[PDB]
Number of protein chains: 2
Amino acid sequence: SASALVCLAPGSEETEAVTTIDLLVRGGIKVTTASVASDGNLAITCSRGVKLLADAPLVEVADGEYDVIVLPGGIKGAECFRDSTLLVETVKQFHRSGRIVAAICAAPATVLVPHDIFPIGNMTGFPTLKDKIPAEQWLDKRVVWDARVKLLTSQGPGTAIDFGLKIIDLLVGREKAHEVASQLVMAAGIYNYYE
Amino acid sequence: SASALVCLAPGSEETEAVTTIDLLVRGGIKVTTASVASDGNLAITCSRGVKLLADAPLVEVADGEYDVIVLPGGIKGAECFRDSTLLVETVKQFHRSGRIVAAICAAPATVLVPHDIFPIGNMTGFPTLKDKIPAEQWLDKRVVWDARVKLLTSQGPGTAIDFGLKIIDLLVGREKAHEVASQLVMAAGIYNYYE
Ligand SMILES: [Cl-]
Ligand SMILES: [Cl-]
Ligand SMILES: [Mg+2]
Ligand SMILES: [Mg+2]
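Residues numbered from 1 in each chain as written, not as in the entry; some residues may be left out. Chains lettered and ligands numbered in written order. Heavy atoms only, no water.

1. Things to note about the interface of chain A and chain B
Right, on to step 1. Taken together, the contact pairs 32 residues of chain A with 31 residues of chain B.
Right, on to step 2. Taken together, both faces of the contact between chain A and chain B bury some 2,600 Å²; the carbon and sulfur share is 63%.
Right, on to step 3. In terms of surface lost to chain B, no three residues of chain A exceed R48, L53 and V185 of chain A, which account for 23% of the buried area on that side.
Right, on to step 4. Joining chain A to chain B, the criterion identifies five salt bridges.
Right, on to step 5. The salt bridge partner of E13 of chain A is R26 of chain B, with a shortest N-O separation of 2.9 Å.
Right, on to step 6. Inspection of the chain A/chain B interface yields 13 residue pairs in polar contact.
Right, on to step 7. Elements supplying a minimum of two residues to the side of chain A that touches chain B: helix 1 (14-26) and strand 4 (51-53) of chain A. (Contact = heavy atoms within 4.5 Å. Buried area = accessible area lost by both parts, 1.4 Å probe. Salt bridge = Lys/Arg side-chain N within 4 Å of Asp/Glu carboxyl O. Polar contact = N/O pair within 3.5 Å; in protein donor to acceptor, adjacent residues only side chain to side chain. Helix = DSSP H or I, 4+ residues; strand = E, 2+ residues; numbered from the N terminus.)

Dropping the structure here:
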């Protein structure tokens, strides 16, 4: 089965993280949540106060063979990711071993740009944090998939469905992405993978 | 000053619950989460495995001064709600005291219909459970607000933003609902409270 490592830190955006996890599970992807920047503590207080329990500390799962690493946004959670040497090295290792990096909202600008992980990749993120993404790299689009570098980015809490569906499409295929989309009662405007 | 009691059970739909909580907090609404687990456990495993911590057992907060009681869906979470005499009594008390009941996905058909809490009024819910709503009550709308009985219902994980925004409208007003919506990068098919 395909698998995903979803990272969580104090201040992660809970709608982004939880919507993504839920959709991936609906897609038949095995999801492990990892606590970042918590010295092993699994209880994570998210950006609006939602409290989640992660499965494991990052240091215990970072070398697993997951197909994708997912970085939720949330201002402070993304800062924790940026300032975690283990998180940054893990992202780099996923990329160099041919796997997918997926990041939403503040995570592209806060994590990927300062560490120069994808120096010429195309990416999006939260629109009013546009200035923090190099102008030549920026696209203002609900989801961006840069197939060349296997970088998936997305914009905000309201694009979390679009983000999760594209992960499903990439790891388990279009038909499964459509099946999941069909379970949700999605808003007009969001791509449902029927075509 | 407005406040919301968001109920949680084993098997609740985590995207519905968490998206709603996040939006209400963004709207300046005080949120308390209440576990309806039969043993009072607060560490809830949701329908796709997300582990969410409730603030309090329902018995400790049911008599509180909340403007709305929120029932997330999730097949098994809604069954837990239906089968909890305290939950059902609390919903009835919110309604009889002139407060709002808000329910999404399976919660209308599983909780509200069998207990006949709203014998008259329009409601929606998850479309595969349409035949579990009395035909004279059913509408196929992303959100249904029946002000005559102060009943707010909605359809599924993908309508959680619409649902949360309508709670904001009902507790705080259109201006705040538009403010919150404007934060989210939400899809064009979701009403944004701007005219
Ligand atoms: Cl760790
Ligand atoms: Cl690059
Ligand atoms: Mg550069
Ligand atoms: Mg009847």
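2. Some points on helix 3 (residues 75-82) of chain B
At 3.6 residues per turn, the α-helix brings residues three or four places apart onto the same side.
Residue and element names in this part refer to chain B.
Right, on to step 1. If you check which residues of helix 3 are buried, you get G77, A78, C80 and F81. The arc that holds the buried residues of helix 3, viewed along the axis, is 155 degrees, so those residues lie on one side. Turned more than 90 degrees away from the buried face of helix 3 sit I75 and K76, all of them exposed.
Right, on to step 2. Buried residues in helix 3 make contact with strand 1 (3-8), strand 6 (68-71), helix 4 (85-96) and helix 5 (107-112). (Buried < 20%, exposed > 50% of the residue type's maximum accessible area, 1.4 Å probe, protein only. Arc of directions from axis to C-beta.)

3. A word on empty space enclosed by the protein
Right, on to step 1. Tallied over the full model, the rule gives one cavity of 30 Å³ or more.
Right, on to step 2. Here the largest cavity is characterised by a volume of approximately 130 Å³.
Right, on to step 3. What lines the largest cavity is a set of 15 residues, among which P157 and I161 of chain A together with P157, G158 and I161 of chain B lie closest to the centre.
Right, on to step 4. Contributing elements (two or more residues each) for the lining of the largest cavity: helix 1 and helix 6 (160-172) of chain A together with helix 1 (14-26) and helix 6 (160-171) of chain B.
Right, on to step 5. Taken together, the residues that form the lining of the largest cavity break down as eight nonpolar, seven polar and no charged. (1 Å grid on protein atoms, 1.4 Å probe; cavity = no way out; pocket = protein on both sides within 12 Å on 5 of 7 lines; lining within 4 Å. Points joined across faces, edges and corners; volume = space filled by probe spheres on them. Nonpolar A, V, L, I, M, F, W, Y, C, P; charged D, E, K, R; others polar.)

4. Digging into the layout of surface pockets
Right, on to step 1. Each pocket or cavity is described by its volume, and for the largest pocket that value is around 220 Å³.
Right, on to step 2. If you go around the largest pocket, you meet 16 residues; those closest to its centre are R26 of chain A together with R48, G74, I75 and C105 of chain B.
Right, on to step 3. Classifying every residue of the lining of the largest pocket by side-chain character gives six nonpolar, five polar and five charged.
Right, on to step 4. Quantified by volume, the second largest pocket comes out at close to 180 Å³.
Right, on to step 5. Along the lines of polarity and charge, the residues of the lining of the second largest pocket split into six nonpolar, two polar and four charged.

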